[PDB]
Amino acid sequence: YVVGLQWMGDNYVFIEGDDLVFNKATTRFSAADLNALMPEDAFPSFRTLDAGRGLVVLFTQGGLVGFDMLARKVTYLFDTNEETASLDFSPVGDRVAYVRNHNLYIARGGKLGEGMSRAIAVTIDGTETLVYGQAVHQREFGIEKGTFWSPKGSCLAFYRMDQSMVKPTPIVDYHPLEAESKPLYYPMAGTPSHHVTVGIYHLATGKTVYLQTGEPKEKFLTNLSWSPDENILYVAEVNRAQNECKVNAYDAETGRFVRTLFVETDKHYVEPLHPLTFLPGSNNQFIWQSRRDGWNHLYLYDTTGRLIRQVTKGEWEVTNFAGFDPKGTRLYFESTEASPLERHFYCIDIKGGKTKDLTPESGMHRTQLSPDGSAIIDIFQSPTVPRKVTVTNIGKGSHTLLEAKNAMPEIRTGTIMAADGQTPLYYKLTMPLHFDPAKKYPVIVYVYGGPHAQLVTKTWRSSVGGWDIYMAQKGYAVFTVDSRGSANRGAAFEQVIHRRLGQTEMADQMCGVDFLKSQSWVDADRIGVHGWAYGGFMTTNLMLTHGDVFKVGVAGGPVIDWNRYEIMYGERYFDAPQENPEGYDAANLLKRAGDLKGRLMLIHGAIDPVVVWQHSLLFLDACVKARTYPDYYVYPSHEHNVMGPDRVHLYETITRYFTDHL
């Protein structure tokens, strides 16, 4: 990454230590010039709010400074009471919503000099048991926050989560003299889910209204989408069985149910991940993403509920919807049409038809469509190309903004059949530094395998934070393969795992082993395995299932008993435990601890809210009574992943463990 590249109206900006170089399709702006315009070394970090209007917000000791870049003027001063995590600025740019001590507030931006005004408390009965304005449903179904402003800043929609009926998991903080425990309302598979409702605060009247979403109370309220009109608030409702998704229209004034536009079901599960996105200047048509036909595509609906058409279609998937052209006759997006291993920015006619790849060079393309929808910033990188920024006037020439190119582990890539004998799996093989084919090196299988992830793509070097490359330097070869269940290969490719977590995944992973055994340089007796989270589940499951093949493994934050995983994610792929005993039992690693004959180290972050510590601890417990002997390590200060400098320590631990036992 090189100094935050992005759009500012019709200018594409990027920093330069002390400078913020604005350019087009050219003029600087120093941290100094900026300070000159402030009230009270390099260029300060900031969050862009309105790329188009160039409005941004600067974080500074005491309040936030709204600042306009295209007009170099300080917009407003906001006082959030030192709360930044939940900051959600009104689209009008003059107000910001945030959560503080369980409640939702709206601080009004104060003009420079004109004085500040007391923030407004939208709610006042918030609690650790009653959460307001924050992510809900375990951050599934695209939910990343809990506040939603109406297009015109007239209303502020927000979640209200009653989790008082959820038996909590303790999260211990071991730093105080005496350790302190805070409860974590983590709803486990099969247990009563939390109860969510959507409230709507009207800035004008200060009046609040909750959508009459009805019963059952556990209904999953996802993807809130306001109407450009602000009269309707759309909600993508999903049932507990997660096999039905009703998109409903709600009266934002009264909260009354208006009607169901459309419903979509699926044999295994439906999983809405994006809001409705209306066409520019339209209040009757909107684009909706669906994976209904086995591939995520863009559909053009009409607020009546009538499907006008499926804009994109094919055995590939849209991996990001960037938007439209000013008129709204073309849709821009990122997809795997070129290859499951690549990402290209496209552009298709709103009427459908052929798509035009705008970033055809083989590799990974991460593109940013400009505001005026004309130009395009493109950051590319392939196995051969480290990076290559390319601002482009859609139509004109493609002025390159930056190009680069660089003993190291040889990385090989190939394909192999999955355990079904027909499905093509992709793998990346990191050869040991100073590889000598005369030799017989030890190999470690790095594995995730779970849904929503794809590890093998045409990128630059590693795609696992460089752990593979680290290990390769210590003499071990690392191998990864996106087994069935992995992402971006279509619904059929993924859903095969339904109700049978771990089964096909391992069957496919063993095909990755056969491949490795086919290499002369592969020492079939020194095969290891490593993984985190879902990869932890796999690493352990593999060692207990194929104790003869894998000698050593290290499993971080491993899911051991899926009955203890969250309702939302867990139930989608496994279904409730009461309705699928055999599936759950086959994956309950606690039941097969006695099969641990090799050397395995579980690693966990004590205050982990994703995969509760209990998982790895209970495994150890099962081992004590089954008389098996795993190893262990705990990071008391970390949650799910060890981030920051501590990661040097994590890598050192994981690595040394293999150099010690593999």
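Heads up: residue numbers just count along the shown sequence, starting at 1.
Gap between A25 and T26: 4 to 9 deposited residues without coordinates. Coordinates are absent for 4 to 9 residues of the deposited sequence placed between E40 and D41.
For the two regions 651 to 659 and 3 to 11, the entry's Cα B-factors average higher over 3 to 11. Relative to one another, 238 to 246 and 468 to 476 have unequal mean CA B-factors, and 468 to 476 is the one with the higher figure. Listed residues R599, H615, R627, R53 were ranked by CA B-factor as deposited; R53 comes out on top. Between the residues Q310, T260, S164, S362, the entry's highest C-alpha temperature factor is the one at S362. Among all modelled residues in its chain, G133 ranks in the lowest third by Cα B-factor.
Annotation for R256: C-alpha temperature factor in the middle third relative to the rest of the modelled chain, per the entry. When all modelled residues of the chain are sorted by CA temperature factor, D18 is found within the highest third.
Per-chain ranking of the deposited C-alpha B factor places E579 in the middle third. Among the modelled residues of the chain, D173 sits in the lowest third by CA temperature factor in this PDB entry.
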